[PDB]
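To keep things clear, I will list the structure first and then write my remarks on it.
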Amino acid sequence: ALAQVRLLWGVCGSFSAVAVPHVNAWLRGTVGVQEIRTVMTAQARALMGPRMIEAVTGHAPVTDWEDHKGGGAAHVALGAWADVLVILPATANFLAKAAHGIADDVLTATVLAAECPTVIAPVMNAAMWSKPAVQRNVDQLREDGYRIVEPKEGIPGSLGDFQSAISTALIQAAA
Amino acid sequence: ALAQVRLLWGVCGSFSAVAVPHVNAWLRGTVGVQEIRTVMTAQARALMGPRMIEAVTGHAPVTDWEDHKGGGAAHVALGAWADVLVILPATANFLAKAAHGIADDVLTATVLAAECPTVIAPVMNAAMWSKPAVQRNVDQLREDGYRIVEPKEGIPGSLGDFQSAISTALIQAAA
Amino acid sequence: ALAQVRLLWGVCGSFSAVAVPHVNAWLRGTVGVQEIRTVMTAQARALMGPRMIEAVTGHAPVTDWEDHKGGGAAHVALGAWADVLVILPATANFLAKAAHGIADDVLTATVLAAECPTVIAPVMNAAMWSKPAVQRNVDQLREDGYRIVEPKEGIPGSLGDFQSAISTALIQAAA
Amino acid sequence: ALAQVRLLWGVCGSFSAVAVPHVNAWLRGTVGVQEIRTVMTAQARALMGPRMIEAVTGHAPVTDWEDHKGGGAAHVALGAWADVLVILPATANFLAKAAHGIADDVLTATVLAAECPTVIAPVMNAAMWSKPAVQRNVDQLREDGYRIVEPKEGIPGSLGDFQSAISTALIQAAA
Amino acid sequence: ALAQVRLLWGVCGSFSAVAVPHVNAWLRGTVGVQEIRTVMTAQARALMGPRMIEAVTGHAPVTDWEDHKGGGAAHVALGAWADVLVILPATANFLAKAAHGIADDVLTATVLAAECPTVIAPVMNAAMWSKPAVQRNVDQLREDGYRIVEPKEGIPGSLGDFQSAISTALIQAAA
Amino acid sequence: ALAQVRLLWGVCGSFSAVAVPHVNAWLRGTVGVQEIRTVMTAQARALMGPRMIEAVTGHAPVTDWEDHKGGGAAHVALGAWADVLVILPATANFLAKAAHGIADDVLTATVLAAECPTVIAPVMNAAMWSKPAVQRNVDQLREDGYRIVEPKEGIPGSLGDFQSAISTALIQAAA
Amino acid sequence: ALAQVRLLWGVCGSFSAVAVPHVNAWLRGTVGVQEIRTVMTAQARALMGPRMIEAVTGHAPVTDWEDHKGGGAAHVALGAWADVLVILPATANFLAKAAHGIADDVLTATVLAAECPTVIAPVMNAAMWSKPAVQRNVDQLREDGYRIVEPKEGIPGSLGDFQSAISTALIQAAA
Amino acid sequence: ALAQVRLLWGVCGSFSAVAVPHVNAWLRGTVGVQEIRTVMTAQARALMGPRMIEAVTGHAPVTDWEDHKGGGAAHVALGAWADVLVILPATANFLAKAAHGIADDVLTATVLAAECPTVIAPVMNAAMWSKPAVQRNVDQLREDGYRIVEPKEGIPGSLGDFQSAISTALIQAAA
Amino acid sequence: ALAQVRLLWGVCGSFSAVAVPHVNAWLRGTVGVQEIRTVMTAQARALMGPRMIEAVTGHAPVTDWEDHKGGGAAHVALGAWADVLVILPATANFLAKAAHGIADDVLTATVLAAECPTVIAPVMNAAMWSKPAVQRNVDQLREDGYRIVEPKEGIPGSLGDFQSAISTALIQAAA
Ligand SMILES: Cc1cc2nc3c(=O)[nH]c(=O)nc-3n(C[C@H](O)[C@H](O)[C@H](O)COP(=O)(O)O)c2cc1C
Ligand SMILES: Cc1cc2nc3c(=O)[nH]c(=O)nc-3n(C[C@H](O)[C@H](O)[C@H](O)COP(=O)(O)O)c2cc1C
Ligand SMILES: Cc1cc2nc3c(=O)[nH]c(=O)nc-3n(C[C@H](O)[C@H](O)[C@H](O)COP(=O)(O)O)c2cc1C
Ligand SMILES: Cc1cc2nc3c(=O)[nH]c(=O)nc-3n(C[C@H](O)[C@H](O)[C@H](O)COP(=O)(O)O)c2cc1C
Ligand SMILES: Cc1cc2nc3c(=O)[nH]c(=O)nc-3n(C[C@H](O)[C@H](O)[C@H](O)COP(=O)(O)O)c2cc1C
Ligand SMILES: Cc1cc2nc3c(=O)[nH]c(=O)nc-3n(C[C@H](O)[C@H](O)[C@H](O)COP(=O)(O)O)c2cc1C
Ligand SMILES: Cc1cc2nc3c(=O)[nH]c(=O)nc-3n(C[C@H](O)[C@H](O)[C@H](O)COP(=O)(O)O)c2cc1C
Ligand SMILES: Cc1cc2nc3c(=O)[nH]c(=O)nc-3n(C[C@H](O)[C@H](O)[C@H](O)COP(=O)(O)O)c2cc1C
Ligand SMILES: Cc1cc2nc3c(=O)[nH]c(=O)nc-3n(C[C@H](O)[C@H](O)[C@H](O)COP(=O)(O)O)c2cc1C
């Protein structure tokens, strides 16, 4: 039943954005998700280049407001469309904006507009992860109902074990 | 005495920015305000275009620091000039920045520098308004002394009943 | 049957272009028109900004020839699509071009290509409206079959009583 | 009493635009006009360069709408300000636009907004002056109340005897 | 004697502009014209591209005033040079400008300066050709001495029978 | 039955690119082909301009990878879409790239990805056509299964008799 | 041992950024620091100009991510390099971002990556310093272990007594 | 001794360029190579973005000639430095250029300048791999001494079994 | 008779382009050639700068197609004008393009259009000269009738003994 679940996938400016192809193959070839739309922060776009993400996912990523066509607006259209929202990788920056309701780009505004199970997979090095401000944001996001997948230590952070959390959200959404 | 009250009017990137000419007619033709200066966020400017706002309000809206002339700085000059400060429409983004003392553009820096009665009229859809982070920001601004005019649901949010709140601030300033 | 009438709406560089969202809500929420496509002159676009018009009307306004996609050309495609053509607001400039068959932008070329009931609602101040050249253009357009909605003088012109003229055209087209 | 007459001076893209400094000295040093504001067409600006006109006349010529600051608009502000309007040199192009109420730049829109004695001094070669279309425009402008100063043939047209026509208009305005 | 006739050829932004090479081959290889200079409107240049026209006709087409080198000006130089003037294809826009003596680009200014037999071959669809304003312009041009070659209906207009009209003008010029 | 054949049409930077509208009129108005998509080399686009080709073929020509939308990449998507591939006119440059499996722009990459009847119609002058390297490429392309329409000598080459070759390919595809 | 302490120096967009050369002279000529690297916010760079700071500090200030060379990333590299981190002057804006773990430019990302004694010297006028949001941010940073040097009000704030706090930080780092 | 082998790594504009981070981790963390420098084609750079490649490999990739500093030139310096040269992924385009000695960018010029064991790993879809010209290029490169790792068919080609070929080349170079 | 031989001289992006002034003086002051026109590749222009070649040879080099004026095209005009064609210095890249009939810039297209004795003087280092692909291109060009002047090893290649080969070509052309 996962084939009709609409997965919205946000990508932030982290080293781990290089994992996007591998994660996309897992989502499509192992989990069986069919409808995936991506939103890139401006920093993610500058590091990875948005054109290859488009070719490998089948949709141009949304980065600028101008990418939404017609009535309404990118964050409302994407927020209403999403059955599951995954932010992977998330930056420490994203955690702060999401925890405090900041909405100064397409991704963080879409967070305010989405009403669906949401998984956030932050990545950063150990010094950043240990800062009290970062941990306050992690705690705040959990109290607001977001599923946080803590990073691992791949020596330089790396993605945590997100597969189970994402599958849980997809199954909850399918139900 | 309402003709000498100096009204600073901030405009954020909301659907409801199209209401600015209408609100301006109400401010001038019904309330009797004469001296009105506007500050637009970059997003408001990108959606609405500043040249028509200039034509109907009599002053070019300030968006970049470059729009302030001479000594000081835009936020200090506008902040000291204001007898009443109105943010209409305010974005969810604005609420987050004002609640936490962020000052990363002219408008939010002017908020820190202004010392006058302030009315904030946020606009956003129902999904965004219901987010815990947004409501924390609303509550925090009320605790800090800001007057919040809650949005309506105009089917896609719409401006609340701001006329009474703004009139009260203009009259309190006249005294 | 008014929901199937295809309304083409031209917008010129007048002060009254700020009224476009209000007129759009009236057309949709009261008259019941569903398919509305807009053409903005370069001057209208420079004053009002097309991105907010796009967001509230559901279609990007056409200004440059490049905005039409595929075969043909913007004026032929838009002219053939239209069941009713409304120019609101119209400039004095527009009256001169339409009256003499000038076609030096998309809007005035579409006028030549459209074969449907057309309502023109010019706006300008009293000095401009009284010019002999302007009145010759008004007279000539009426002789050519165009419905002219004369402006009011709301102190600086304002839109006349167009609702009856537009309703008539939508109803005549529905038949 | 001619020193308080406000002279609005339009300049078109003619060979005879080189006479603007000489005419400016005559207007100020011989006729005694004190308040002179210039409007240049885009073509006039491209041939003559706008910065020197500013340095020798004391005011930046208006060419783009952006040159008007504050409320309203260039054509209304200049049109209401003018006590006498002089177009010198005028192009054949200008005659056509003025004769038909075309208002597609600041100059020709200001013509529609001005309500004062107006002198037009066209310049062009003999082949152009003799065209039936040009003479229809000359006749139409005279019937509309404009004073036309016909060119001479200085071998390639040259300015006619405009001094008497301008002086008459300034005197009519003073009364 | 047709080899010494100087043919000035204006090209407007019509679907039929693709015929310029074919007409050029006919003029050179069948009629025997040797000296052919082209003027393109800005819209014609935007559609057809002047570099290919230059390569097949032997002269760079003139579009901007800057394309004329040395003393004088493009419209005077080209107008005095022409023994025959052909506008092919002509737009509805051109008919309006030529009929009313508008001279707001090189081509329409050259029309005012040329004193030679002139052939105009307009192209437009049936709806545009049927407009009263267009037919007024056609009638006015015929009264002023211009030869109009009415279009065909090639299904989207197509060029009329210009071969006879142009040959006649070229032979008339040779005499 | 030829109306559903998907024709992919490459255009190279040759003098004979001016023939594209004529060939298109024959393909659409006589043969009945309905879906025609073009790929222009950078040189073809710079000489001919893509805007008119778009207007008469119904699709914007593709030159840059970004001109193609969505997943798969331009050469794979266009190569798979094509039922017939026609290169007309082809440059000597193209023959060389096609003969050697060079794929350094969209067109030559699309050649590698296309699996359909293909007609190549080179045009060049006699000196270029006689070069040994050029004739090696022609021979090599014939051995690889491509249908070559050799140019004629039309004073400077001209297109050969391509209609029969193209008709044959369109019929093979429908079969 | 103070000559080997690696001092990372962040500069925000405050009036007091003009004091950077004087503070640099004290750090080098009186305290004895040798290796000083600066990070400027975009607003600081726009105010002070990074070329003179480079000339007097010996290193180009880092503002954009592109300034870091090789592996890793500016914030990790600068954050790991720093033995002491000084923000002087800090804006109210900086206080908000640092207090909430926002990392939306190089400077604030480096704060999260740094693991060293940090001194923050905010500057702002009296109205801004008295805002509740600003004072919450000051308190939060103190609880997080940051040393805050409160501003003075030299009539428009001015730097507080940072010499004691910075010398303390530099000396502890040498130990 | 594999840690001192200098590996030069060329990257072409293929879908499989997203595997560059994964392949880099294997080269560093499993094979133990320490000095790896990359050269990207313009198309590879446009797809993947060189900034993330720089951050994860420790060296900015070379794409433009300007990236070489000092005497000589990029292709000579990189070609002499290389102990093993790996092109992964290689495009069909690369195969053609390398097979025919074309050197029209940094990568293909470096191939001519390198004198070391070279492994080429082409990727392309099944239609492209089966083209006769492509297979001629594969055969020619093998005859010239290049190691070709044929692609796989991962349904859109995928990298072949390069691990064995690269390990062999690195080990032979260490010996 | 060598003073009337028209020498066309192509310059590629090699280190040895610094020899162009020396070769030009030898050609003019010692051999006596009077009519010399140069063609530079984009790479030659980017390395050497085109302005000084113009100053020292008396002609601006042709690099872009836009440099040819009037009918035809740069490669046809230059190819027909040439009595002798010299490529000095030639790159390895040039050898490949000439050997395979590639014509993707003005120079390599002029090679296809030229019908005259041609001397090619390649320069490259020893590693590049020894590549099988390069020697295949040398061999193919000799079989096609081109005179190849092999480089020397100036320790980094240097021009071979071209004087005899060029003199032979110029003298044969005079006959
Ligand atoms: C190459 C590179 C890798 C980065 N990786 C991370 C990361 O893994 N986690 C993180 O919090 N920030 C990382 N950053 C810093 C962020 O990109 C920076 O905070 C940025 O402002 C975040 O923008 P965004 O959250 O809007 O995408 C990295 C920066 C660079 C240049
Ligand atoms: C057409 C359009 C309409 C929008 N309307 C709203 C809105 O009504 N309320 C809101 O919170 N955000 C709205 N947004 C999203 C904001 O523009 C976005 O959060 C932006 O970052 C806010 O910028 P600002 O607060 O600096 O003006 C809209 C966006 C677009 C493109
Ligand atoms: C702020 C502003 C408001 C204007 N309002 C009007 C108007 O109401 N009526 C009018 O005829 N011209 C008005 N103009 C002048 C026109 O914009 C000008 O004539 C322009 O050339 C018309 O362009 P268009 O008809 O192609 O839109 C206004 C100009 C400005 C700058
Ligand atoms: C150097 C030069 C001199 C010109 N002189 C005249 C002139 O004297 N009279 C005229 O009608 N046009 C003249 N023209 C042509 C006009 O500039 C042209 O018609 C233009 O479109 C008029 O623009 P404007 O009326 O908006 O200023 C001249 C053009 C050039 C390049
Ligand atoms: C592809 C295309 C074809 C057009 N064909 C015609 C035409 O055949 N006749 C016409 O009157 N207008 C046609 N138009 C509209 C004109 O180009 C438009 O009126 C333009 O402003 C005329 O410019 P010009 O008269 O200065 O060339 C066409 C537009 C496009 C985009
Ligand atoms: C006006 C013009 C016409 C040309 N005609 C031809 C031609 O007919 N045949 C040819 O092989 N090259 C011709 N060329 C040269 C090509 O444009 C040149 O070789 C170019 O590099 C080919 O680019 P493309 O194959 O990617 O389209 C012409 C060049 C110009 C400027
Ligand atoms: C000339 C000038 C001086 C300023 N001085 C201060 C200041 O002293 N303190 C402050 O909090 N903001 C000051 N501001 C406002 C900040 O520049 C503004 O908040 C900005 O967005 C901060 O950017 P940053 O924190 O990234 O450096 C000043 C602005 C200007 C134009
Ligand atoms: C998204 C995308 C993926 C591509 N993947 C391949 C590929 O895997 N193999 C291939 O031969 N060409 C592929 N191409 C086409 C090449 O990019 C094209 O041939 C290009 O000119 C090669 O450039 P290069 O060899 O200089 O890197 C792809 C193109 C795009 C836009
Ligand atoms: C400074 C410099 C010197 C070069 N010298 C040579 C050379 O002597 N021989 C060669 O084959 N390539 C040389 N190259 C590489 C060529 O410039 C490269 O192959 C280029 O793509 C050739 O372009 P062209 O043949 O169109 O001129 C050099 C490159 C640079 C940056």
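Each chain gets a letter, A, B and so on, in the order the sequences are listed, and its residues count up from 1.
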Would you find a donor on one side and an acceptor on the other, under 3.5 Å apart, between the side chain of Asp104(H) and the backbone of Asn93(I)? no

Report yes if some heavy atom in the side chain of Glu143(H) is under 4.5 Å from a heavy atom in the side chain of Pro132(I); otherwise report no. no

Please rank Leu112(H), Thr108(H), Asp144(H), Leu141(H) by heavy-atom pairs under 4.5 Å with chain I and give me the top one. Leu112(H)

Look only at the side chain of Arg136(I) and the backbone of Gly101(H), and say whether a donor-acceptor pair between them is shorter than 3.5 Å. no

So, for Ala127(I) and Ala113(H), which heavy atoms are closest and what is the spacing to 0.1 Å? CB-O, 3.6 Å

For a 4.5 angstrom cut-off between non-hydrogen side-chain atoms, does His100(H) reach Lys97(I)? no

In this structure, are over 12 heavy atoms from other groups packed under 6.0 Å from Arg51(I) atom CZ? no

Can you tell me which portion of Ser130(I) sits under 4.5 Å from chain H's heavy atoms? Options are side chain, backbone, both or neither. side chain

Exactly one candidate in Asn137(I), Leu95(I), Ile102(I) meets side-chain contact (heavy atoms from CB on, under 4.5 Å) with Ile102(H); the answer is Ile102(I)

Closest non-hydrogen contact found for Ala98(H) with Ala133(I) is O-CB, 4.2 Å

